[PDB]
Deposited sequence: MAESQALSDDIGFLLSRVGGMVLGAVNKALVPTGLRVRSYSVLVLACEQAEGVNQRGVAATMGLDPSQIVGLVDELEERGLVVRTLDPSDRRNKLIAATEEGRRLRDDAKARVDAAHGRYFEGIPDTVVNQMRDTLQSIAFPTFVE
């Protein structure tokens, strides 16, 4: 089928945007939106700060875009930017808000994947990781 509604690229972009909208809606009480949430999660994965370069690469953004997200998070004392190399270190308050936000984010997920078994989610996860994070550039 050559129909748009059967096209996997269309579908991925459509469901990605549905998830993005739902997660932004769920995040409203936290003051975060998806990109600032993502920087905060990445910072909270480590004790010491995480490499800003690496954050940008993971998120598929230029480092210049991550700068403003770090400023946003620092406005609320959620991360502290430390040192040509730049690292982003989560605070105790950052870690607390990350937990509250993630429960809202999971639920926003739960709503879209209800009735879809974990075996299907696991295969989707692997496939999407192989696209976003390939072993080399073809």
### Query
Which parts of the deposited sequence lack C-alpha coordinates?
1-3, 87-91
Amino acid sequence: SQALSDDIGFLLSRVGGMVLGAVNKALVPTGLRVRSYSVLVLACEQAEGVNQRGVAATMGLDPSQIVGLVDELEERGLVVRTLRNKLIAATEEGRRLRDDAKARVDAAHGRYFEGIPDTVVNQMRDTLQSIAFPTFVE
From here on, numbers count along this sequence of modelled residues.
### Query
Which of the two stretches, 34-42 or 50-58, shows the higher mean Cα temperature factor in the record?
50-58
### Query
Looking at the entry, does 94-102 or 109-117 show the higher mean C-alpha B-factor?
109-117
### Summary
The residue of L83, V70, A26, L78 with the maximal C-alpha B-factor according to the PDB record is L83
### Message
Split into thirds by Cα B-factor across the chain's modelled residues, where does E138 land: lowest, middle or highest?
### Response
highest
